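Engineer: the data below comprise the sequence and an experimental structure of the protein.
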Amino acid sequence: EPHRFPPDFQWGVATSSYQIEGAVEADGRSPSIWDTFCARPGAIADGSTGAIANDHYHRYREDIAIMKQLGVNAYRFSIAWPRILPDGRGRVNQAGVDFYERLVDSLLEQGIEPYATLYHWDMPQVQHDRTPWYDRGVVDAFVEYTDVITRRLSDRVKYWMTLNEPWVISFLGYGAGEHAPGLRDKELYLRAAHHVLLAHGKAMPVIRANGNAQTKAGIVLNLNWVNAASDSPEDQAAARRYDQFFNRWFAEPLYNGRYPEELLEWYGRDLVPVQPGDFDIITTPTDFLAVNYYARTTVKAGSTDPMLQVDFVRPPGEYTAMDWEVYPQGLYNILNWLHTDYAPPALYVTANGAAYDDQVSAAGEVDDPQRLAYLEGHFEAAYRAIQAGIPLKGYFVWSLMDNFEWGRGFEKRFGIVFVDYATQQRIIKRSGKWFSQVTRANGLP
Ligand SMILES: O=[N+]([O-])c1ccc(O[C@@H]2O[C@H](CO)[C@@H](O)[C@H](O)[C@H]2O)cc1
Ligand SMILES: O=[N+]([O-])c1ccc(O[C@@H]2O[C@H](CO)[C@@H](O)[C@H](O)[C@H]2O)cc1
């Protein structure tokens, strides 16, 4: 009774432009908000930057050959706005566009389907200098970028994601000051959450317009399974407030043309710069919803978080090196909520994986039994999802290989493939050799 997935199921791995590329000055690429952010003392746990990362710019062919070994039929990557429009708007940089053409051409000729994320956090600094995410002019700036690169590649690229993890882009970048540009203000975060949604909305008909009937496009939300520490009244209020903050702040606008009522009031409705016609734009029909899932979050009333007044409770169980609770059930539940609340015609897991302190054995091998366990569990939760009649068409592991993990630097390795930063050597981990059996059996033995 082998648990096998639908025939045309998309098995993938996922990267982002700044996390893998390096060659940060190469071929007229301009500094991104992250290139400048990495300079800030205490911003990156290990004091590193994305200047070299995985050197995937000069080494993409090797990586595609490793992907062919992994046996995937799809690859999720982000395009770097800094390479395509270095000045933010205006002159297209052909050298920049040249790279993504060589990358997509290399992918298609190995029969790997490209999934192009338009924006994975790496705005050109010169552009941010004019239109931060909290300034409404960003919407036009993003759409122009989208138009350029979707004109160049939509012949060869059918699947487009608009923006990766609005909640991250807005709260981590402007809310908690933990990501580029690293500002920390309730209003700034909300304006940014709203202009990200608006930007996703206006970019949709520009993607379809540059494509054909075969063109498919959607947003990427990160969603956590939220849980109340107790069935008490003001704890269920903390969980509900935190669920609305993370999950429902982006979902509700996208499908029901509205922010959650309780949290919108809690904040002050005036802080959110909603102009007339915005909800028409944000609700623009999409082909799929893409989902990043990592962990469960159990919540009580408290003051750890000044803004939401919540504390986090850690239930007894399995934790990754990231201090993220391992809870595959969470993935089945998130998919099922989305299925029943919003009825998206397709779902994708565009990112799921786990960081563990890897070690190269004397044999030059990487034995990561804990990552292997993590992925099996979530693959299982994804299989149980399909058997309930949830239209999950694909699954991309985060990540193909160890990379720049943002504020945690190179210390947190997510790859099913090890990278020795000393030599740039790729070693397929045990979890990778196993993933190679899964993709080719199109299921779990
Ligand atoms: O899917 N996402 O975007 C996501 C990923 C990892 C997350 O991390 C969780 O967050 C909580 C608050 O920090 C922790 O208390 C909890 O133990 C951890 O599992 C939470 C959410
Ligand atoms: O605050 N959180 O819960 C959170 C933070 C960053 C997140 O990041 C996601 O997952 C990976 C790291 O977790 C990234 O490497 C990747 O760029 C992104 O899609 C996802 C969630």
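Structural biologist: Happy to help now that I have it. Numbering: from 1, shown residues only. Ligands and ions are numbered 1, 2, ... in the order given.

Engineer: all contacts plus neighbour counts: C-alpha atoms, from now on.
Structural biologist: Will do.

Engineer: what sits closest to the residue nearest the centre of the chain if chain neighbours are left out?
Structural biologist: Centroid-nearest residue in the chain: residue 164, 4.4 Å away (criterion: Cα atoms, centre = their mean). Of all residues not flanking residue 164 in the chain, residue 220 sits nearest, at 4.9 Å (Cα to Cα, 6 or more residues apart in numbering).

Engineer: tell me the bridge partners for the one you found.
Structural biologist: Note on residue 220: beta-bridge partners residue 164, residue 290, judged by DSSP bridges.

Engineer: what number of residues lie near it?
Structural biologist: 23 (other Cα atoms under 10 Å).

Engineer: hmm, residue 168 and it touching each other?
Structural biologist: No. Between residue 220 and residue 168 there is no contact under Cα atoms under 8 Å: 10.9 Å.

Engineer: circling back to that earlier point, any idea how far the residue nearest to residue 164 is from residue 280?
Structural biologist: Separation of residue 220 from residue 280 (Cα to Cα, to the nearest Å): 19 Å.

Engineer: next one: residue 236
Structural biologist: In terms of Cα to Cα, residue 236 sits 32 Å off from residue 280.

Engineer: between the two, who's got more neighbours?
Structural biologist: The neighbour count for residue 236 versus residue 280, taken as other Cα under 10 Å, is higher for residue 236 (18 against 14).

Engineer: could you list the buried residues of stretch 323-342?
Structural biologist: Within stretch 323-342, the residues scored as buried using 16 or more other Cα atoms under 10 Å are 324-332, 334-336, 338-339.

Engineer: from those, which are also near ligand 1?
Structural biologist: 324, 325 (Cα under 6 Å from any ligand atom).

Engineer: and of the buried residues of stretch 323-342, the nearest to residue 141?
Structural biologist: residue 338 (30.5 Å; Cα to Cα).

Engineer: for stretch 113-129, which outside residues touch it?
Structural biologist: 16-18, 30-34, 36, 73-82, 86-89, 104, 107-108, 141, 146, 157-164, 169, 180 (Cα atoms under 8 Å, 6 or more residues apart in numbering).

Engineer: show me those residues that map onto strands.
Structural biologist: Under the assignment DSSP state E, the contacts of stretch 113-129 contribute 74, 75, 76, 77, 78, 159, 160, 161, 162, 163, 164 to strands.

Engineer: for ligand 1, what are the nearby residues on the stretch 1-150 of the chain?
Structural biologist: So the stretch 1-150 of the chain never meets ligand 1 (Cα under 6 Å from any ligand atom).

Engineer: hmm, residue 414 and residue 398 touching each other?
Structural biologist: Yes. Contact criterion Cα under 8 Å: residue 398 and residue 414 qualify, at 6.3 Å.

Engineer: any shared contact partners between those two?
Structural biologist: 353, 354.

Engineer: buried residues, the helix or strand hosting residue 204. List them.
Structural biologist: Take DSSP states H and E as the rule and residue 204 turns out to sit in helix 186-210. By neighbour count with 16+ other Cα under 10 Å, helix 186-210 contains the buried residues 186-208, 210.
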